[PDB]
Amino acid sequence: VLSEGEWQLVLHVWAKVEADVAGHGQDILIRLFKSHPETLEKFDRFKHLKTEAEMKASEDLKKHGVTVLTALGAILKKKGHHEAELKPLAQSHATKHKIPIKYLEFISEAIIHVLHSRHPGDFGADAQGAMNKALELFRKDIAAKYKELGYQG
Ligand code: HEM
C-alpha cells in the first residue's frame, strides 16, 4: 500500500498534469510509440502514423491521450480504492484490445519520463518513487483481473 504521504506526492504532481492534459497525453503516447514500436501495432486507429511529426499533428491521437489520462486520473484519485474503475478497464484491455501486462509496464515508464521532463520541481526522487509505487499498484491489480480471465499478461 502507499502511505498518505506518498499519495499526497502523487496527487500533487497529478494536479499539474491536469493543467495540460492534452499536451501530457500526447507526449506520453508518442514516447510509448517511439520507444516500443510494437505498441503502435495494437491501435488500428493510429497505425498509419510513421513519423513523430505526423504523430504530433494528429488531433485524434491527442484526443485519445486525454481519454487515457482522464481514466488514469480517476483511478489515482481513489488512492487504491479503485475496484470499480479498474474492472472495466482490465476487461477491455485483456479481452478486446489484447494488451499484454508488459505493455502496461512500458506506458508506466513513458508516464514517468514525461512527468520528469515537464515537472522537475514537483518531480523529485521522492515523488518519482511514490509515482512508481502507484503505477505498480495499478498494474498489480490489473494483472490479477487478467489472471482471472485467463490472459495473465
Ligand atoms: C495507463 C494505462 C492505460 C489506460 C488508463 C488506458 C485507458 C483506455 C481507455 C479509457 C480506453 C477507451 C475505453 C476502452 O476501450 O476501455 C482505451 C482504449 C484502448 N487502449 Fe488503453 N489504456 C491504457 C493502456 C493501454 C496500452 C499500454 C495500450 C496498447 C499498447 C492500450 C491500447 C488500447 C486500444 C488499442 C484501445 C482502443 C482505442 C480505440 O481504437 O478507440 N491501452 N484505453
# chains A, B, ... in the order shown; residues from 1 in each chain; ligands from 1
>>> closest_atom_pairs(of="chain A", to="ligand 1", cutoff="7 Å", atoms="only C-alpha atoms and all ligand atoms", output="tab-separated table")
residue	atom	partner	partner_atom_place_in_ligand_line	distance
A:39	CA	ligand 1	30 (C)	4.3
A:40	CA	ligand 1	30 (C)	6.6
A:42	CA	ligand 1	35 (C)	5.0
A:43	CA	ligand 1	35 (C)	4.4
A:44	CA	ligand 1	40 (O)	6.4
A:45	CA	ligand 1	40 (O)	5.3
A:67	CA	ligand 1	10 (C)	5.5
A:68	CA	ligand 1	7 (C)	4.4
A:69	CA	ligand 1	5 (C)	6.3
A:71	CA	ligand 1	5 (C)	5.1
A:72	CA	ligand 1	5 (C)	4.5
A:88	CA	ligand 1	16 (O)	6.8
A:89	CA	ligand 1	16 (O)	5.0
A:92	CA	ligand 1	16 (O)	5.0
A:93	CA	ligand 1	16 (O)	6.3
A:97	CA	ligand 1	35 (C)	5.0
A:99	CA	ligand 1	29 (C)	5.7
A:103	CA	ligand 1	27 (C)	4.7
A:104	CA	ligand 1	27 (C)	4.5
A:106	CA	ligand 1	27 (C)	6.8
A:107	CA	ligand 1	27 (C)	5.3
A:108	CA	ligand 1	1 (C)	6.6
>>> select_by_dssp(residues="region 26-78 of chain A", states="alpha helix (DSSP H)", output="JSON, numbers by chain")
{"A": [26, 27, 28, 29, 30, 31, 32, 33, 34, 35, 52, 53, 54, 55, 56, 57, 59, 60, 61, 62, 63, 64, 65, 66, 67, 68, 69, 70, 71, 72, 73, 74, 75, 76]}
>>> write_last_selection(atoms="C-alpha atoms", output="PDB file, in the first residue's frame")
ATOM      1  CA  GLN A  26       0.235  13.405 -26.477  1.00  0.00           C
ATOM      2  CA  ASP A  27       3.809  13.300 -25.254  1.00  0.00           C
ATOM      3  CA  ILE A  28       3.117  10.081 -23.311  1.00  0.00           C
ATOM      4  CA  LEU A  29       1.659   8.131 -26.265  1.00  0.00           C
ATOM      5  CA  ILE A  30       4.328   9.374 -28.651  1.00  0.00           C
ATOM      6  CA  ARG A  31       7.075   8.326 -26.181  1.00  0.00           C
ATOM      7  CA  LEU A  32       5.418   4.957 -25.921  1.00  0.00           C
ATOM      8  CA  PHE A  33       5.161   4.592 -29.648  1.00  0.00           C
ATOM      9  CA  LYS A  34       8.707   5.594 -30.372  1.00  0.00           C
ATOM     10  CA  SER A  35      10.294   3.565 -27.567  1.00  0.00           C
ATOM     11  CA  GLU A  52       6.952  11.787 -34.778  1.00  0.00           C
ATOM     12  CA  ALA A  53       5.885  14.884 -36.752  1.00  0.00           C
ATOM     13  CA  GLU A  54       2.787  13.009 -38.082  1.00  0.00           C
ATOM     14  CA  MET A  55       2.027  11.865 -34.566  1.00  0.00           C
ATOM     15  CA  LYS A  56       2.292  15.336 -33.161  1.00  0.00           C
ATOM     16  CA  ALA A  57      -0.048  16.647 -35.850  1.00  0.00           C
ATOM     17  CA  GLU A  59      -5.750  15.568 -33.452  1.00  0.00           C
ATOM     18  CA  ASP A  60      -7.329  12.192 -32.947  1.00  0.00           C
ATOM     19  CA  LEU A  61      -4.103  10.978 -31.127  1.00  0.00           C
ATOM     20  CA  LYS A  62      -4.311  13.978 -28.842  1.00  0.00           C
ATOM     21  CA  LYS A  63      -7.983  13.145 -28.111  1.00  0.00           C
ATOM     22  CA  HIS A  64      -7.087   9.574 -27.111  1.00  0.00           C
ATOM     23  CA  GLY A  65      -4.303  10.929 -24.859  1.00  0.00           C
ATOM     24  CA  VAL A  66      -6.945  12.859 -22.986  1.00  0.00           C
ATOM     25  CA  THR A  67      -9.115   9.776 -22.652  1.00  0.00           C
ATOM     26  CA  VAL A  68      -6.209   7.773 -21.241  1.00  0.00           C
ATOM     27  CA  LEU A  69      -5.084  10.390 -18.745  1.00  0.00           C
ATOM     28  CA  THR A  70      -8.652  11.076 -17.685  1.00  0.00           C
ATOM     29  CA  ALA A  71      -9.234   7.412 -16.796  1.00  0.00           C
ATOM     30  CA  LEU A  72      -5.868   7.193 -15.039  1.00  0.00           C
ATOM     31  CA  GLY A  73      -6.537  10.314 -13.050  1.00  0.00           C
ATOM     32  CA  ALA A  74      -9.850   8.954 -11.815  1.00  0.00           C
ATOM     33  CA  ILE A  75      -8.022   5.881 -10.663  1.00  0.00           C
ATOM     34  CA  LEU A  76      -5.232   7.727  -8.834  1.00  0.00           C
TER      35      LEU A  76
END
>>> atom_distance(atom1="CA of residue 113 (chain A)", atom2="CA of residue 78 (chain A)")
23.1 Å
>>> atom_distance(atom1="CA of residue 137 (chain A)", atom2="CA of residue 95 (chain A)")
20.8 Å
>>> residues_around(residues="residue 153 (chain A)", least_positions_apart="6", cutoff="9 Å", atoms="only C-alpha atoms", output="number ranges by chain")
A: 94, 99-103, 143, 146-147
>>> write_last_selection(atoms="C-alpha atoms", output="PDB file, in the first residue's frame")
ATOM      1  CA  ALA A  94      -7.418  -8.049 -21.829  1.00  0.00           C
ATOM      2  CA  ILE A  99      -2.858  -5.733 -24.324  1.00  0.00           C
ATOM      3  CA  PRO A 100      -0.215  -7.763 -22.551  1.00  0.00           C
ATOM      4  CA  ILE A 101       0.663  -6.677 -18.995  1.00  0.00           C
ATOM      5  CA  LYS A 102       4.168  -5.883 -20.221  1.00  0.00           C
ATOM      6  CA  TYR A 103       2.828  -3.026 -22.372  1.00  0.00           C
ATOM      7  CA  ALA A 143      -2.747  -8.308 -13.626  1.00  0.00           C
ATOM      8  CA  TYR A 146      -6.218 -10.621 -16.279  1.00  0.00           C
ATOM      9  CA  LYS A 147      -5.291 -13.834 -14.470  1.00  0.00           C
TER      10      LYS A 147
END
>>> closest_residue(among="A:142, A:127, A:149, A:22", to="residue 115 (chain A)", atoms="only C-alpha atoms")
A:127
>>> residues_around(residues="residue 3 (chain A)", least_positions_apart="3", cutoff="10 Å", atoms="only C-alpha atoms", output="ChimeraX atom specification")
/A:6-9,79,130
>>> write_last_selection(atoms="N, CA, C and O atoms", output="PDB file, in the first residue's frame")
ATOM      1  N   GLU A   6       2.798   9.358   0.608  1.00  0.00           N
ATOM      2  CA  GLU A   6       3.172   9.089  -0.759  1.00  0.00           C
ATOM      3  C   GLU A   6       2.007   9.473  -1.667  1.00  0.00           C
ATOM      4  O   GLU A   6       2.258   9.936  -2.776  1.00  0.00           O
ATOM      5  N   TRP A   7       0.756   9.242  -1.223  1.00  0.00           N
ATOM      6  CA  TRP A   7      -0.394   9.588  -2.095  1.00  0.00           C
ATOM      7  C   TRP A   7      -0.415  11.080  -2.342  1.00  0.00           C
ATOM      8  O   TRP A   7      -0.757  11.542  -3.445  1.00  0.00           O
ATOM      9  N   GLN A   8      -0.001  11.837  -1.325  1.00  0.00           N
ATOM     10  CA  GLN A   8      -0.002  13.283  -1.491  1.00  0.00           C
ATOM     11  C   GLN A   8       0.969  13.718  -2.543  1.00  0.00           C
ATOM     12  O   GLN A   8       0.730  14.643  -3.302  1.00  0.00           O
ATOM     13  N   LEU A   9       2.116  13.060  -2.569  1.00  0.00           N
ATOM     14  CA  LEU A   9       3.103  13.382  -3.568  1.00  0.00           C
ATOM     15  C   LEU A   9       2.587  13.080  -4.970  1.00  0.00           C
ATOM     16  O   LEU A   9       2.851  13.794  -5.914  1.00  0.00           O
ATOM     17  N   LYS A  79      -7.059   6.656  -4.590  1.00  0.00           N
ATOM     18  CA  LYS A  79      -5.990   6.250  -3.688  1.00  0.00           C
ATOM     19  C   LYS A  79      -6.042   4.785  -3.310  1.00  0.00           C
ATOM     20  O   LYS A  79      -6.082   4.470  -2.125  1.00  0.00           O
ATOM     21  N   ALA A 130       7.102   7.526  -5.315  1.00  0.00           N
ATOM     22  CA  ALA A 130       5.700   7.397  -4.993  1.00  0.00           C
ATOM     23  C   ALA A 130       4.906   7.112  -6.273  1.00  0.00           C
ATOM     24  O   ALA A 130       4.039   6.228  -6.282  1.00  0.00           O
TER      25      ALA A 130
END
>>> atom_distance(atom1="CA of residue 114 (chain A)", atom2="CA of residue 17 (chain A)")
10.0 Å
>>> closest_residue(among="A:58, A:128, A:152, A:51", to="residue 11 (chain A)", atoms="only C-alpha atoms")
A:128
>>> closest_residue(among="A:83, A:18, A:109, A:38", to="residue 131 (chain A)", atoms="only C-alpha atoms")
A:109
